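**Q** Supplied in structure tokens, the structure appears directly below.
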Amino acid sequence: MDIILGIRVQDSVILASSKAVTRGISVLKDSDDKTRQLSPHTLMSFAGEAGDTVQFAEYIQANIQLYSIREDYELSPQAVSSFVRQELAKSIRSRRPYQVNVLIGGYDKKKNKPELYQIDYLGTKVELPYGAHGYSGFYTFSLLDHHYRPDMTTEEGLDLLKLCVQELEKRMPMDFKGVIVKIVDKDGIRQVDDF
Amino acid sequence: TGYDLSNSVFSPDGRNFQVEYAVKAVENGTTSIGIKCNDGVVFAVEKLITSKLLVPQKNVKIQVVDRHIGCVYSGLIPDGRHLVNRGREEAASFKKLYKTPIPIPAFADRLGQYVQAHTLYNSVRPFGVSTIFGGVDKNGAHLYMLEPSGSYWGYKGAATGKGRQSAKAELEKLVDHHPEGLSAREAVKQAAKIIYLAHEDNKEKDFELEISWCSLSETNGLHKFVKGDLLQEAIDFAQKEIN
Amino acid sequence: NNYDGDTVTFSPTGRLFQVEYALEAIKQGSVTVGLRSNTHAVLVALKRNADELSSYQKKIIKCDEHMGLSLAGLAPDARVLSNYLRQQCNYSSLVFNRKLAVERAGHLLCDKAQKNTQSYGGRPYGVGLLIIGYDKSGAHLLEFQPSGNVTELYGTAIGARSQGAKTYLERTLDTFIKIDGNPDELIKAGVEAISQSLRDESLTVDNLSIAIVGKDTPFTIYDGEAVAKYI
Amino acid sequence: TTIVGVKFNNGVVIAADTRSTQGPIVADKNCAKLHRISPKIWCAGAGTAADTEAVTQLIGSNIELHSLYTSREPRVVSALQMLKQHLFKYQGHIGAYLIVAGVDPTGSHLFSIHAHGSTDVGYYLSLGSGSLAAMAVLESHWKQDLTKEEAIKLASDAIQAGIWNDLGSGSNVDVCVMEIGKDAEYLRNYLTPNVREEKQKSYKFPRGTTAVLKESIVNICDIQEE
Amino acid sequence: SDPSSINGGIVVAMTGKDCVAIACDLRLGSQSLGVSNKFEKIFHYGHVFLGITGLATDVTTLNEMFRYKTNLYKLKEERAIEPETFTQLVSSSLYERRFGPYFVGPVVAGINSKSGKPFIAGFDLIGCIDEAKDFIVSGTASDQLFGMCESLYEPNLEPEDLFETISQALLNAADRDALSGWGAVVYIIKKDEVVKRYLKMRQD
Amino acid sequence: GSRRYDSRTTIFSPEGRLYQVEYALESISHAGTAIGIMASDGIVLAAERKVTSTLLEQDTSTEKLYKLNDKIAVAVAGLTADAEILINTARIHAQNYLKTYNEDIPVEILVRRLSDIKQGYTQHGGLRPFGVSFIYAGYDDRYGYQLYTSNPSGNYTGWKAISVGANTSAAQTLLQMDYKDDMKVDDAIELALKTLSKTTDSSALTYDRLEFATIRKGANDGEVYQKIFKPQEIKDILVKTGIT
Amino acid sequence: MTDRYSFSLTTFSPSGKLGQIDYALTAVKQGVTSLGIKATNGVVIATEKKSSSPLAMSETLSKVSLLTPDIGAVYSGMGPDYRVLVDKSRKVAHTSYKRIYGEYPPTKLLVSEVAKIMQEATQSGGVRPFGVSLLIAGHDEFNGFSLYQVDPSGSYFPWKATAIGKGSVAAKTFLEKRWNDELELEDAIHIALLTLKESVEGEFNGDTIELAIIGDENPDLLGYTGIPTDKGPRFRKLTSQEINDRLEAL
Amino acid sequence: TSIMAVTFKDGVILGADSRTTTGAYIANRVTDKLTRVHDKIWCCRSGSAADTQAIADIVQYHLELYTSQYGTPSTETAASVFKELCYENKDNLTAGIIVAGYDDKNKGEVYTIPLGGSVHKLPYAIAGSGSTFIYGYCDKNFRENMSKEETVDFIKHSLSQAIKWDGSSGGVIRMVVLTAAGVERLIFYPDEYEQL
Amino acid sequence: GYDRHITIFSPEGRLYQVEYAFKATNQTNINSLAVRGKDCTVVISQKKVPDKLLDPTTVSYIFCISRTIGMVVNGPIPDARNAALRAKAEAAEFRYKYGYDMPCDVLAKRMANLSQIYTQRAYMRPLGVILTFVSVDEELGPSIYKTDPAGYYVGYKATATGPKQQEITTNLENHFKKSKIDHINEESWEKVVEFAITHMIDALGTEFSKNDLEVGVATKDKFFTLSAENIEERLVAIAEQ
Ligand SMILES: [Cl-]
Ligand SMILES: [Mg+2]
Ligand SMILES: [Mg+2]
Ligand SMILES: [Mg+2]
Ligand SMILES: [Mg+2]
Ligand SMILES: [Mg+2]
Ligand SMILES: [Mg+2]
């Protein structure tokens with residue numbers, strides 16, 4: 001559970017997350033989905049220490065779902081990201097912090113804009129056109145810095161994402177067993193089943 | 001009215017009726033006394049034999065605190081035990097911190113403050129006992145008597161319970177006839193007599209005499225129960241005086 | 001009257017009515033007898049049923065190998081107090097490798113009951129207890145009242161019509177105290193004592209409950225056909 | 001940091017340098033190290049600068065409330081007792097090293113306090129990294145029955161020794177004189193022996209030297225009417 | 001490992017004639033990796049400006065904390081907080097975390113609305129106040145900034161001259177620091193107008 | 001013990017009413033009337049100060065209208081001291097929300113929170129309830145302009161126009177008569193003052209006996225402005241509407 | 001033990017009255033008269049030193065109290081209740097303000113804190129309300145001079161001038177005729193002494209009257225020199241002699 | 001530090017040097033290590049200056065409160081209070097205290113409380129870093145029931161040697177005399193005791 | 001009518017439990033008097049030992065609170081000792097925290113504050129006592145400060161407490177009306193005690209033996225009580241002129 005990438009194009013946010021889970025010297029699973037839907041138009045991917053990642057993600061999910069029911073209203077991606085950041089900033093000075101890095105990809109229905117937020121385990125939040133955690137950015141950012149436009153289509157974003165994964169697969173020592181790719185737009189969240 | 005329904009309420013007189021009602025429970029109890037002698041103190045109590053089935057000399061009433069203090073009380077016996085348990089905790093913490101055994105005046109105030117605290121709130125009931133206690137410390141012999149209000153003074157002789165008036169009169173004679181003082185062995189004899197004389201107020205049932213003493217010369221300043229020959233000698237002296 | 005609303009209130013004559021009302025619950029309870037010699041101590045209890053389909057309410061509770069009691073009044077209060085005695089007996093054994101003296105057990109029960117008579121919110125215990133035991137000073141019998149008063153006796157009885165058994169034991173005092181080294185005869189004296197408190201009903205096989213403890217006898221309870229011998 | 005305290009005829013004087021440092025870098029060249037606990041009780045602090053300021057303010061606040069409660073002017077022994085018990089409780093973790101001085105109805109007083117909560121009495125004291133340089137001067141020139149003028153001179157000379165010889169100390173000398181039956185006189189920058197010389201060159205730039213991408217007015221005003 | 005240099009960044013403030021200036025770089029990084037070139041480190045509450053360097057999560061947390069507190073202040077006091085008062089509030093708030101501190105280097109800048117007096121102040125991570133007349137510096141290139149400010153600064157500079165001085169102090173300091181740069185902002189603050197200028201600089 | 005002196009503030013009557021809530025509402029019925037009117041382009045808050053004095057410093061005085069944040073204000077009817085306790089709690093809640101989500105708190109969420117605090121005092125704790133009724137005037141980007149009221153029971157409801165305090169029966173009838181949905185702020189200002197002028201127990205309605213506030217998008221472009229009226233400004237609007 | 005009175009002792013009656021607050025106001029009515037007058041360049045607060053015995057030293061009993069260097073207080077009603085409120089008010093000025101902002105609170109906010117404490121004694125468990133009404137005079141930079149009244153309920157109101165206690169109704173009428181927005185501090189003191197004479201039966205002099213002002217900064221009362229911005233307290237208690245001097249020009 | 005207390009015919013005398021060090025720097029050369037906890041009950045302090053001052057202040061408080069309730073405390077009682085604080089907080093304290101006092105009933109008494117918080121009643125006691133060098137001298141020269149003048153000489157000579165060899169000890173020799181006659185302070189300067 | 005049982009306001013704005021606590025104050029039927037000299041403060045109180053079985057040495061209403069502060073109490077002995085213990089604890093704590101001896105007036109204020117709390121909090125009853133604190137304060141000199149169940153306190157030139165307080169008060173008032181000073185102009189405390197006893201004799205109209213009185217004296221740095229023989233010497237001097 002180490003690779004997560006995100007890219008915000010014209011009308012959508014695309015999140016790509018690796019499928020591998022390793023216990024010791026053995027790869028236990030090659031189809032793991034490192035993501036949770038927080039609301040119909042907000043998706044969060046995650047990576048960090050074993051256990052903490054899913055526990056934190058599900059805890060956030062429960063809280064946003066609770067808010068949605070109470071107010072009969074979907075929080076904006078910005079509001080959700082701020083809530084998540086505070087929880088991590090809270091957590092870093094706890095007895096045992098939650099070692100979890102996240103990307104939040106959401107489509108704001110009010111502003112009609114896609115939004116990508118990158119938050120690390122310290123509670124360091126930034127809004128970006130594209131982002132990553134760990135070492136993923138070391139391999140991929142030079143390609144994204146070169147090819148990225150803000151007026152890219154979803155299809156062009158997927159093609160640039162394929163190039164990023166290919167570079168990861170070439171130069172990265174670990175085998176991460178490919179990625180699951182999900183798109184967040186005005187119509188909601190869907191998974192690209194062939195990548 | 002209604003001032004007597006709740007503890008710690010001042011009546012228009014400035015009285016705490018609940019404490020005064022606790023005194024009634026004390027006045028209902030058996031007679032207990034204390035006598036201050038030349039180098040110590042003597043305690044004695046009337047134990048009513050309600051039935052033949054009571055095992056003689058087993059239901060002990062006088063209680064020791066630390067190793068140098070004796071305590072006896074009249075009224076609600078459980079309340080007295082509760083007070084002595086506290087007294088024992090107070091004496092232990094004093095000795096723990098200061099090393100020396102608790103002085104009698106110091107011990108008297110510890111009991112006094114605790115009993116007084118049970119007159120401050122409506123969530124507790126006052127103590128239904130008057131406690132006579134004392135012993136020997138570094139400054140000599142001390143005898144005290146403590147009431148339900150928390151009030152206590154030092155005494156030459158003390159008495160409480162149903163036959164307190166009779167006992168007091170007897171104690172007053174001893175004070176007048178012995179300004180130089182009374183010996184420990186004499187005080188034991190006199191204590192037996194006074195309980196026997198005070199038993200006229202409880203003449204329906206027969207009773208059992210119980211005596212204890214702390215004396216610098218006779219008990220090395222430690223609290224001990226009067227047993228065997230010395231107890232019988234005191235009983236004989238007492239029986240001779242009533243006839 | 002105006003002074004019986006709670007345990008924290010003395011009456012004008014210095015009485016505690018809630019404690020007296022708790023004492024009344026014991027008088028409504030079924031009769032139980034206690035007596036001892038110099039070698040053994042015995043409990044005899046008349047158990048009470050709800051109706052003919054029901055069981056007979058147990059009256060005797062074991063506290064340790066050398067100690068136990070019988071109850072009269074609120075049974076759940078006896079369970080609380082007997083549980084406390086079990087713990088205290090057990091604390092003495094585990095910490096000091098020492099069997100708890102019966103006299104000390106009585107002092108502990110007195111103090112526990114007393115706290116419920118001086119504080120607001122609580123209530124007095126609504127049960128009376130007869131504690132028998134054999135310790136380093138021989139056989140013992142104690143009577144517990146929820147006022148806090150605990151008394152060591154040769155023999156006694158508590159519950160409804162207990163006065164009849166108590167008078168009998170007061171007559172028989174010189175006889176039953178001398179029954180040393182004969183458990184069956186001591187029990188007989190107890191069964192004869194409790195018989196002085198019966199009216200209309202008699203001692204049957206599921207009605208009678210007996211317990212005994214002594215010199216070389218652990219605290220054991222007899223019920224059912226084990227007491228037919230004494231009927 | 002160099003701080004000293006000196007007793008004299010009818011009172012006490014304290015003094016300090018004005019350099020605060022973060023490692024080898026000078027953070028502030030004119031720092032104020034003479035703190036007021038109460039009008040006539042002043043203290044100077046060495047060690048962790050935030051701790052010396054915080055502990056002085058806290059005890060100063062409680063001293064003020066105590067003074068109002070008792071209808072009496074605050075005493076130096078009270079400030080001392082409150083400071084030491086606070087510092088002792090925190091077992092040296094509050095890194096405050098103070099010289100406390102003042103006048104009160106009892107007289108004039110001078111004490112030092114360690115961070116772990118130990119205190120000392122003396123006629124002359126010094127604390128901080130330059131305390132050895134200062135104490136050398138004090139041990140050479142101190143005498144009994146000093147006048148006000150002699151004490152101020154001795155105190156400032158002791159700080160100067162720290163300024164010139166200790167790298168942890170520098171810039172200016174601050175002084176506060178507390179005399180019996182008088183207002184305490186705080187003499188900020190009593191000596192100024194370290195003014196920077198004029199530079200060889202002016203480094204004022206021509207306007208338009210810096211490249212600019214965007215300009216905009218920042219709205220600092222509240223939401224407007226109409 | 002060192003929390004005060006993980007993310008990098010710098011802030012500098014200066015006083016001039018009837019004006020103050022405060023400036024900062026725009027970089028946020030994860031040690032060697034540059035993450036954001038739009039991470040502004042200067043915030044304002046009414047007319048009082050606060051720059052914060054150090055650990056980025058604490059920068060964001062403290063901004064939110066001081067917005068929180070200055071908003072309550074305003075509702076109760078019925079007036080905007082002044083630079084002198086806010087400085088004490090920052091100090092108090094930092095010291096309350098004495099043994100678990102925010103890893104930051106805050107810098108206050110502003111003009112008192114009643115006296116018209118220019119004001120700047122700096123703090124260490126635990127609350128100690130540095131109230132300099134001339135300039136305050138903070139961040140991973142504070143040594144560099146001290147060097148620039150000490151030589152470039154002169155008192156009583158006019159607003160547009162102060163802009164050039166503080167800009168050149170920031171830029172050249174940042175270009176000698178690996179963890180600072182990636183853009184820069186300068187605020188020029190007068191009693192009732194504030195101008196914000198983004199500077200062009202090298203992007204390495 | 002202590003039970004003897006317990007009034008038992010959180011019990012039902014045989015009819016299923018909460019004694020203390022009902023009696024608190026009786027208290028509030030003697031408080032100065034406060035009115036809220038919602039228009040398409042803003043909200044008006046108008047309230048009557050209780051029998052004042054000439055020596056009262058009006059320009060620094062506040063007993064009726066309070067600011068919770070930049071978007072939300074309240075009008076008070078009842079015990080002023082009780083209100084300030086709740087007002088400060090609401091101010092904190094608004095800032096807690098803003099810190100957490102980085103967005104201004106929606107009006108209803110603030111109202112529900114305060115109303116829940118009132119509710120708690122009626123169900124547990126054995127304490128007397130807050131003798132306060134609020135009118136909430138606020139704006140957010142979900143529902144726009146909103147009026148709410150809450151009372152000591154902790155029940156709250158939404159309104160186009162509403163009154164609390166004294167003579168609410170008379171006031172509500174007058175508002176129900178003249179209120180229309182397409183009404184504007186300037187019209188609502190007039191309606192509020194006219195209603196107070198007719199319902200007041202005083203001889204005449206003057207500037208020194210009033211507190212007034214508006215919430216307008218009459219702030220330069222897409223944003224909202226709160227205006228707590230000054231004594232001279234209340235005097236001017238009284239002349240403009242033709243009451244003095 | 002334990003405080004088992006966890007329920008309110010002040011409750012609404014069927015008519016909507018809070019009895020204990022009304023009764024606390026009645027206790028205030030029985031109290032000795034105290035007043036306050038605000039001038040353009042200051043505020044004055046005054047009261048009678050009703051000595052319980054001539055053997056008592058009435059100088060040791062301070063009815064007018066310094067809360068901060070720029071804020072003072074006086075009362076009518078129960079003296080002991082006032083004394084403990086002054087202790088709490090002095091402390092809260094530090095704990096909830098000075099230790100946070102490094103400066104003393106403005107008058108209105110300190111009043112607000114005192115009011116809150118008095119409100120809580122009206123709702124919290126097992127307590128009665130305070131049996132005092134306070135008059136708090138003060139100055140701060142941005143609000144200028146101010147005068148506030150605080151009642152047992154916790155309600156507070158700002159005044160140009162007012163009176164509380166025994167003869168407050170007559171005194172307030174007297175103040176309405178004399179007050180204007182152009183009064184100088186010495187004029188306000190003169191009016192205060194005139195007003196206070198009406199409610200006093202016996203001796204009327206500097207030893208039986210207690211009077212303080214919030215006015216100009218007093219650098220002579222600061223206790224130290226050297227800091228220009230620190231100019232001294234605005235609160236000053238007038239001496240017995242200073243009062244008598246103004247009673248000759250009465 | 002060099003401290004000692006010595007019982008004699010008329011009572012007890014406490015003795016001490018005046019040097020406090022931070023490493024090799026003498027932070028105070030005129031320290032008063034003889035500390036009053038009650039009128040005629042004093043103590044000599046060694047170890048952490050912070051700890052021993054804190055302890056002594058607490059003891060002074062306890063004995064002041066004791067006196068208000070129960071009258072003058074015995075020296076044994078004072079030693080017991082010292083011990084309770086030192087024993088129960090042994091993990092967090094570095095304190096070596098000698099307690100000395102005069103009763104009329106008991107006369108002069110000396111109690112030493114070393115690091116662990118144990119108590120030892122002795123005719124005389126020595127403690128502090130400098131005491132190591134005078135175990136031989138003090139054992140050979142101490143007699144019971146000495147005169148005031150003899151006891152002063154014994155302490156003066158003993159602490160002189162402790163000062164001579166121990167770098168952590170020095171300055172003036174302070175002494176406090178506890179008898180029926182009252183409390184007397186003595187001081188002896190280097191020029192006096194160095195030539196002994 | 002539960003407003004009379006606990007410390008809440010009656011319709012008249014009164015606290016009846018406080019008023020009834022004042023009445024308990026006179027339950028002992030003892031009168032006390034306090035006066036100030038030049039260098040001292042003297043307090044005298046009647047001593048009545050009605051029972052022959054009592055140890056008269058233990059019968060006392062004068063307390064040594066600290067080395068400098070003395071306290072005489074008017075009221076029942078249980079509440080008196082309650083107040084005495086608390087005052088001793090407060091005085092000792094003060095010295096530990098603030099590094100100097102607690103002043104007489106500061107202790108009086110503290111005990112007065114504690115008493116105020118009992119008049120406001122329902123669960124605590126007032127103590128039925130009046131406390132007269134005496135000392136020679138290092139700043140204020142000879143000091144008399146008295147506290148009551150209402151939580152009221154004030155300093156005094158002289159004062160009297162008990163059933164016949166008015167007679168003693170007027171007697172003292174008349175003397176100070178003559179002398180026109182705030183104290184007894186006398187060098188020795190012995191003569192100040194003689195003044196105090198003489199004026200109590202005049203005011204009450206009763207003669208005293210050595211066992212009928214109890215005397216406390218405050219001087220600089222100590223407060224002490226006189227023995228019966230010390231009082232006898234005082235009574236002899238009074239009779240011989
Ligand atoms: Cl207090
Ligand atoms: Mg990040
Ligand atoms: Mg330590
Ligand atoms: Mg760079
Ligand atoms: Mg680069
Ligand atoms: Mg040496
Ligand atoms: Mg009360």
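Labeling convention for the structure tokens: chains A, B, ... as they appear, residues from 1 per chain, ligands from 1 in order of appearance.
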Can you tell me which residues sit at most 7 Å away from ligand 2, counting only C-alpha atoms and all ligand atoms, written as an NGL selection string?

**A** :A and (118-120 or 124-126)

**Q** Output C-alpha atoms of each residue in that selection to a file, as a short mmCIF file (atom, residue, chain, number, x, y, z; two decimals), in the first residue's frame.

**A**
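See again-v8.cif below for the written result:
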```cif
data_model
loop_
_atom_site.label_atom_id
_atom_site.label_comp_id
_atom_site.auth_asym_id
_atom_site.auth_seq_id
_atom_site.Cartn_x
_atom_site.Cartn_y
_atom_site.Cartn_z
CA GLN A 118 -3.04 16.07 -1.02
CA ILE A 119 -2.72 15.51 2.75
CA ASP A 120 0.13 13.70 4.52
CA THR A 124 0.00 18.98 5.63
CA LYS A 125 -2.70 19.95 3.11
CA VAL A 126 -2.20 21.32 -0.41
#
```

**Q** For residue 96 of chain I, list every protein, DNA or RNA residue within 9 Å, evaluated using only C-alpha atoms, and leave out those in the same chain fewer than 2 positions away; present the list as a list in words.

**A**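 Here the answer would be residues 81 of chain D; 57, 58, 60 and 61 of chain H; 91, 92, 93, 94, 98, 99, 100 and 101 of chain I.
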
**Q** Can you tell me which residues surround residue 69 of chain B at a distance of at most 12 Å, considering only C-alpha atoms, apart from same-chain residues fewer than 6 positions away, and format the answer as a ChimeraX atom specification?

**A** /B:40-43,62-63,84,87-88,91,101-108,132-137,141-144,212-215,221-225

**Q** Dump C-alpha atoms for the selected residues as a short mmCIF file (atom, residue, chain, number, x, y, z; two decimals), in the first residue's frame?

**A**
```cif
data_model
loop_
_atom_site.label_atom_id
_atom_site.label_comp_id
_atom_site.auth_asym_id
_atom_site.auth_seq_id
_atom_site.Cartn_x
_atom_site.Cartn_y
_atom_site.Cartn_z
CA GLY B 40 -3.29 7.12 85.02
CA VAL B 41 -6.96 6.49 84.29
CA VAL B 42 -9.61 3.84 84.99
CA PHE B 43 -12.61 3.00 82.80
CA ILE B 62 -14.30 -1.18 76.25
CA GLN B 63 -11.98 -0.67 73.27
CA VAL B 84 -13.12 4.12 67.60
CA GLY B 87 -9.74 7.12 66.23
CA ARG B 88 -7.47 4.19 65.38
CA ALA B 91 -3.65 7.52 65.90
CA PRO B 101 2.34 7.85 70.02
CA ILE B 102 -0.53 10.35 69.79
CA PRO B 103 -0.87 12.52 72.93
CA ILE B 104 -4.26 12.32 74.66
CA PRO B 105 -5.24 15.98 74.09
CA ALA B 106 -4.25 15.61 70.43
CA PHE B 107 -6.30 12.40 70.17
CA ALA B 108 -9.26 14.11 71.89
CA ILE B 132 -15.32 8.54 77.73
CA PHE B 133 -11.66 8.01 76.88
CA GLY B 134 -8.07 8.75 77.88
CA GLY B 135 -4.70 7.34 78.90
CA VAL B 136 -1.09 8.20 79.71
CA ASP B 137 1.27 10.26 77.54
CA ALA B 141 -2.66 11.11 82.77
CA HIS B 142 -5.64 12.57 80.88
CA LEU B 143 -9.37 11.79 80.99
CA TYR B 144 -11.85 13.13 78.42
CA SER B 212 -9.94 -1.39 82.29
CA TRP B 213 -7.02 0.88 83.21
CA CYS B 214 -3.85 2.65 82.07
CA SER B 215 -1.31 3.46 84.80
CA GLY B 221 1.40 3.32 80.63
CA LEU B 222 -0.33 0.68 78.48
CA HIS B 223 -4.08 0.02 78.37
CA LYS B 224 -5.03 -3.28 80.01
CA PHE B 225 -8.26 -5.00 81.05
#
```

**Q** What residues of the protein or nucleic acid chains come within 9 Å of ligand 5 when you use only C-alpha atoms and all ligand atoms? Reply as a compact mmCIF listing (two decimals) with C-alpha atoms, in the first residue's frame.

**A**
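Wrote it out as part_12.txt, contents follow:
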```txt
# COMPACT_ATOMS: atom_id res chain seq x y z
CA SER E 32 14.28 17.46 -1.13
CA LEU E 33 10.95 17.13 -2.99
CA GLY E 34 9.21 20.38 -3.93
CA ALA E 178 17.73 24.90 -1.05
CA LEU E 179 14.45 24.74 0.88
CA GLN E 203 12.27 28.31 -10.04
CA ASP E 204 14.96 25.87 -8.84
```

**Q** Residues of segment 38-152 of chain C in helix (DSSP H, G or I) according to DSSP, as a PyMOL selection string?

**A** chain C and resi 75-96+102-118

**Q** Check which residues of chain I sit at most 8 Å from chain G using only C-alpha atoms, and return one row each with the closest pair of atoms and their distance in Å to one decimal, ordered by chain and rising number, as CSV.

**A**
```
residue,atom,partner,partner_atom,distance
I:7,CA,G:128,CA,7.5
I:8,CA,G:128,CA,5.6
I:9,CA,G:23,CA,6.0
I:10,CA,G:23,CA,6.6
I:11,CA,G:23,CA,5.4
I:12,CA,G:26,CA,6.4
I:13,CA,G:27,CA,4.3
I:14,CA,G:27,CA,7.0
I:112,CA,G:80,CA,7.9
I:113,CA,G:84,CA,6.7
I:116,CA,G:80,CA,6.1
I:120,CA,G:128,CA,5.5
I:121,CA,G:127,CA,4.7
I:122,CA,G:126,CA,5.4
I:123,CA,G:3,CA,5.8
I:150,CA,G:80,CA,7.3
I:151,CA,G:80,CA,5.5
I:152,CA,G:80,CA,5.6
I:154,CA,G:61,CA,5.9
I:155,CA,G:57,CA,5.4
I:156,CA,G:56,CA,4.4
I:157,CA,G:55,CA,5.6
I:158,CA,G:55,CA,5.9
I:159,CA,G:55,CA,6.7
I:169,CA,G:55,CA,7.9
I:173,CA,G:55,CA,6.6
```

**Q** Excluding residue 155 of chain B and residues on its chain fewer than 4 positions from it, collect all residues at most 12 Å away from it, counting only C-alpha atoms, and give them as a VMD selection string.

**A** (chain B and resid 33 to 37 41 105 132 to 134 141 to 146 159 168 171 to 172 175) or (chain I and resid 49 51 to 59)

**Q** Taking only C-alpha atoms and all ligand atoms into account, which residues have an atom no farther than 7 Å from ligand 6? I'd like them as a PyMOL selection string.

**A** chain H and resi 163-170

**Q** Output N, CA and C atoms for every residue in the selection just made, as an mmCIF file, in the first residue's frame.

**A**
```cif
data_model
loop_
_atom_site.group_PDB
_atom_site.id
_atom_site.type_symbol
_atom_site.label_atom_id
_atom_site.label_comp_id
_atom_site.auth_asym_id
_atom_site.auth_seq_id
_atom_site.Cartn_x
_atom_site.Cartn_y
_atom_site.Cartn_z
ATOM 1 N N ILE H 163 37.869 20.573 54.645
ATOM 2 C CA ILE H 163 38.078 21.674 53.700
ATOM 3 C C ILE H 163 39.436 21.568 53.002
ATOM 4 N N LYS H 164 40.466 21.203 53.760
ATOM 5 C CA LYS H 164 41.833 21.125 53.235
ATOM 6 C C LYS H 164 41.976 20.135 52.080
ATOM 7 N N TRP H 165 41.267 19.012 52.166
ATOM 8 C CA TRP H 165 41.405 17.931 51.190
ATOM 9 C C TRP H 165 40.300 17.903 50.132
ATOM 10 N N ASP H 166 39.095 18.339 50.494
ATOM 11 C CA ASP H 166 37.955 18.321 49.572
ATOM 12 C C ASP H 166 37.806 19.647 48.828
ATOM 13 N N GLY H 167 37.929 19.594 47.503
ATOM 14 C CA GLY H 167 37.767 20.774 46.655
ATOM 15 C C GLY H 167 36.353 21.328 46.654
ATOM 16 N N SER H 168 35.371 20.451 46.847
ATOM 17 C CA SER H 168 33.965 20.858 46.915
ATOM 18 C C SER H 168 33.595 21.544 48.235
ATOM 19 N N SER H 169 34.511 21.542 49.203
ATOM 20 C CA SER H 169 34.311 22.232 50.479
ATOM 21 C C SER H 169 35.257 23.423 50.610
ATOM 22 N N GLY H 170 34.850 24.420 51.389
ATOM 23 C CA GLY H 170 35.672 25.611 51.596
ATOM 24 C C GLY H 170 34.917 26.817 52.115
#
```

**Q** For chain F, list the residues within 10 Å of chain B, counting only C-alpha atoms, and write the list as a PyMOL selection string.

**A** chain F and resi 1-4

**Q** Of the candidates E:2, E:84, E:175, E:58, which one gets nearest to chain G if we count only C-alpha atoms?

**A** E:84

**Q** Quick one: everything within 9 Å of residue 161 of chain G, counting only C-alpha atoms, minus sequence neighbours fewer than 4 positions away in the same chain. Send it as a list in words.

**A** residues 55, 56 and 57 of chain F; 35, 36, 37, 38, 39, 147, 172, 175, 176 and 179 of chain G

**Q** Could you give me, as a short mmCIF file (atom, residue, chain, number, x, y, z; two decimals) with N, CA, C and O atoms, in the first residue's frame, the residues within 7 Å of residue 123 of chain H, counting only C-alpha atoms and dropping anything in the same chain fewer than 4 positions from it?

**A**
```cif
data_model
loop_
_atom_site.label_atom_id
_atom_site.label_comp_id
_atom_site.auth_asym_id
_atom_site.auth_seq_id
_atom_site.Cartn_x
_atom_site.Cartn_y
_atom_site.Cartn_z
N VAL H 6 27.44 17.52 66.53
CA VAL H 6 28.08 16.85 67.66
C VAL H 6 27.36 17.17 68.97
O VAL H 6 27.24 18.34 69.35
N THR H 7 26.88 16.13 69.66
CA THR H 7 26.29 16.30 70.99
C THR H 7 27.40 16.52 72.01
O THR H 7 28.50 15.98 71.87
N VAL H 110 21.25 13.99 67.93
CA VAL H 110 21.66 14.05 66.53
C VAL H 110 21.13 12.85 65.75
O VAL H 110 21.30 11.70 66.18
#
```
